[PDB]
Every structure is written in structure tokens, then in C-alpha cells.
Number of protein chains: 2
Amino acid sequence: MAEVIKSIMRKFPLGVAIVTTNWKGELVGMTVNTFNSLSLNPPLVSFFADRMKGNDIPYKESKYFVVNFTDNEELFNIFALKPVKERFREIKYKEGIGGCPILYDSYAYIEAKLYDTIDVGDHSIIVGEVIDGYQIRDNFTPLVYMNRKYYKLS
Amino acid sequence: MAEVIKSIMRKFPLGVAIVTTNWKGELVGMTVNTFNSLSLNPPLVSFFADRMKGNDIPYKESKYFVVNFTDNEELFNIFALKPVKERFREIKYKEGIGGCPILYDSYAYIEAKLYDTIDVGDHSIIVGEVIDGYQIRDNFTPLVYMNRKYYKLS
Ligand SMILES: Cc1cc2nc3c(=O)[nH]c(=O)nc-3n(C[C@H](O)[C@H](O)[C@H](O)COP(=O)(O)O)c2cc1C
Ligand SMILES: Cc1cc2nc3c(=O)[nH]c(=O)nc-3n(C[C@H](O)[C@H](O)[C@H](O)COP(=O)(O)O)c2cc1C
């Protein structure tokens, strides 16, 4: 079989973010490399959630979600590798719209309201309608994921 | 109005590619920063097409499309800025699946078959089923778009 299709994606640089929500009282988040702007009028953003792993379910059952933009590699690792029950013990967060956690170490975030979801193959596209966003820290180092690694920008 | 939501995206680094198709004999392509992997089984890839500009129509009416991965900044500018009738005069290309053009200066490409399209707000999500991909050049410099500019990776 051609699994050259995975090898090409591993060399394709992608921006990363951490999406959180409050899921019936349970604080959850995850590192994503599928976040993007989908539409400007109306202002929709989206990301892709893995259905096999059940990453889609939390966001399908909540009304809001926050996109956290940060430059601390360690946080990306926490929200990809640590057990789900341990994630919010180790970091500083404040509560935001609908109880959703905003990471303290974010340089920016966007709060959004779930707008639609769409199952395509083994992922769902989760679309949210933007309702606010703030730039908090002005001086930061944006990161990209490529080949299991995070790179600063040249 | 909050157009802080545009200012946040301008600081968010994104991978770029050029998607082409053969549209009823007309060779068309465009620079996109919305290309990503959507699903592994089945292997689907996608990008977002601006409906206001009519970028969606070519891909909705063709059976295939090619994703071209390249490290030549000049090509990204050609396939974003030059009039549509002038694009394929200025560069070297070969014909591929379904007549779709493959750019000669690509280090990799993926050929794909249209699988579905979905209108959300002012964009459509164009999903294609991967049918091949090849890594051609081994030594390249992947680029990311941020703030109207292209950066090498540090
Ligand atoms: C950089 C990186 C990118 C990721 N992107 C996504 C993604 O966009 N969508 C997704 O569902 N999971 C993605 N994941 C996996 C989730 O982070 C992970 O499945 C989620 O945190 C739940 O954790 P668990 O599988 O360990 O329970 C990514 C992981 C890493 C390392
Ligand atoms: C880096 C960059 C990213 C772009 N990404 C997209 C995109 O993902 N989807 C889209 O429809 N147009 C995108 N465009 C615009 C298209 O390249 C452009 O509209 C297309 O080439 C048709 O050209 P025209 O509007 O000049 O006729 C992007 C442009 C640039 C500069």
C-alpha cells in the first residue's frame, strides 16, 4: 500500500493551537494542527476531531469552545500526551465563556460558539461561530508542527 | 466591530500549497493556506475555497485535482496574483491524472479525486480522495505563510 501519503504530511508544516471546552463540568482540551479560518462573514473557525479516539464527542455536546494560541512547547505536549484527568492540575487557567478554560500562558485566544459539525471519513469538522478574541501578549514566538517537532519561524 | 479576529489569523502560521485542476480544458490553479489532511481511512485531504471570488466552482465541476507542494515563493505569487489566463504560460508543468497540471518545480504532489463539497458560510470545503502521491525532490525548504509573507523554518 501507498503510505507515502503520511510521509508527505510529515514534511508539511502546520500551525498548532489548543482547543478547550467545558464538557458537562469536565474541563478538556487538546493540541490540534487542523485549526483554521473557514469564513469571514459570518466569522467561522474550524478544526478536525478524530472520531476513532472520540475527540469529537466533547465538542459535539458543548455549546462553546476556546482556541488558545500559545508559544510554550510544554503545553502542546501536555494537551497531547498527559492523561485527560491530569491536564488542568498542572497549568494555570481562568474560566471564560460557558465555563471554558482559557490558558494563562496564551498570547491570544478566540471564544466561539458551536455552529455545526460534519462527519467525513474518520474525522468530524467542528465549526464554531466566533464571538470574541483578544490579543493579550504582544511579543511572542509563533510555532509550527512538522515531523513530530516544533520549530520557531526563520 | 471586532476585526481583532483577522489580526489574530495574520499572526497564525500556515502551510501553503497550490491546488490545480483541468476544468473543462481550462488549466487553473491557486495558492491555498487551508490545505490539510482530513482522514486517513479513507485517505481524504481538503482545502477551503472562497465562494465570493468563485474559487469553489472549478473544483466542484471537475473529477480530479492535484495538490502541489513547492518551495519557490515566486510560484505562490503567480498562483495568487497573476491573471488566470497568464499562469500556465510562465511555468513548466506536465499533465497528470485527468489532464490536471503538475508543477515541475514541486518537490511533491498528491493526486486526488473529488469526494464531496460542503458550503459553510462564504467558503466551501473541498474534499478529495487521495489516489496517489510521490516524493520527487528529497532536499527542500518548506515554507509557511504568516502576515502576507513566507518564512523558511528555523
Ligand atoms: C501536534 C499534534 C496535533 C494534533 N492534532 C489533532 C487534531 O487536529 N485533531 C485531533 O482530534 N487530535 C489531534 N491530536 C491528538 C490529540 O492531541 C489527542 O488525541 C487528544 O489530546 C486526546 O488525547 P488522548 O488520545 O491521549 O486521550 C494532535 C496531537 C499532536 C501531537
Ligand atoms: C497565501 C495565500 C493563501 C490563499 N489561500 C486561499 C484559500 O485557501 N482558498 C481560496 O479560495 N483562496 C485563497 N487565496 C486566494 C487565491 O490564491 C486566489 O483567489 C486565486 O488564485 C484566484 O485568483 P483571483 O482572485 O486573483 O482571480 C490565497 C491567496 C494567498 C496570497
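Reminder, nothing fancy here: chain letters follow the sequence lines and each chain counts from 1. Read the numbers this way: they start at 1 and go in the same order the structure lists the ligands and their atoms.
- With respect to A:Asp138 and B:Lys11, no salt bridge is recorded, no charged nitrogen being found less than 4.0 Å from a carboxylate O.
- Taking each of A:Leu143, A:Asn55, A:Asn77 in turn, the one with a heavy atom nearest to atom 12 (N) of ligand 1 proves to be A:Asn55.
- For ligand 1, the atoms lying closer than 4.0 Å to a non-hydrogen atom of A:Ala49 are 11 (O).
- Hydrophobic clustering keeps A:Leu153 apart from A:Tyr145 (ILVMFWY residues linked when any side-chain heavy atoms are closer than 4.5 Å, directly or through intermediates).
- For atom 2 (C) of ligand 1, the candidate residues are A:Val84, A:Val28, A:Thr31; the nearest heavy-atom contact is made by A:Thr31.
- Nearest protein heavy-atom neighbour of atom 31 (C) of ligand 1: A:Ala80 CB, 3.7 Å.
- In B:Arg51, neither the side chain nor the backbone holds a heavy atom less than 4.0 Å from any atom of ligand 2.
- Comparing B:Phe76, B:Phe48, B:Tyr59, B:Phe79 by heavy-atom distance to atom 21 (O) of ligand 2, the nearest is B:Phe79.
- Taking the six-membered ring where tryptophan is involved, the planes of A:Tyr93 and A:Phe88 are perpendicular, since the angle between them exceeds 60° and thus also 30°.
- Against a heavy-atom cut-off of under 4.0 Å, A:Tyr145 is close to the following atoms of ligand 1: 1 (C).
- Shown in contact with A:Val32 at under 4.0 Å from a heavy atom are these atoms of ligand 1, numbered in order with element: 4 (C), 5 (N), 6 (C), 7 (C), 8 (O).
- Close contacts between ligand 1 and A:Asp50 involve ligand atoms 10 (C), 11 (O) [criterion: under 4.0 Å to a heavy atom].
- Within the 4.5 Å cutoff, side-chain heavy atoms of A:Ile91 are placed close to those of A:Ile78.
- Of all heavy-atom pairs spanning B:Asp105 and B:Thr70, the tightest one is O-OG1, 3.1 Å.
- By the 4.0 Å heavy-atom criterion, A:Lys149 is excluded from the residues contacting ligand 1.
- Under the 30°/60° scheme for interplanar angles, the aromatic rings of A:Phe76 and A:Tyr150 are found to lie parallel.
- For B:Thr34, there are no side-chain hydrogen bond (donor to acceptor under 3.5 Å, both in side chains) partners, not counting sequence neighbours.
- Geometrically, ligand 2 and B:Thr34 share a nitrogen or oxygen pair separated by less than 3.5 Å.
- Looking at B:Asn33 next to ligand 2, an N or O pair under 3.5 Å apart turns up.
- Under a hydrophobic clustering in which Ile, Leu, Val, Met, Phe, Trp and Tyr are joined whenever their side-chain heavy atoms come within less than 4.5 Å, directly or via other members, A:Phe35 and B:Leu38 fall into different clusters.
- Residue A:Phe47 places no heavy atom under 4.0 Å from ligand 1.
- The option from A:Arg87, A:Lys53, A:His123 that lies nearest to atom 25 (O) of ligand 1, judged by heavy atoms, is A:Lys53.
- Looking only at heavy atoms of the protein, atom 20 (C) of ligand 1 is closest to A:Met30 CB, 3.6 Å.
- Within the 4.0 Å heavy-atom criterion, the part of B:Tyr150 lying near ligand 2 is the side chain and not the backbone.
- Between B:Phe140 and B:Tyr107, the ring-plane angle classifies as parallel under the 30° and 60° cut-offs.
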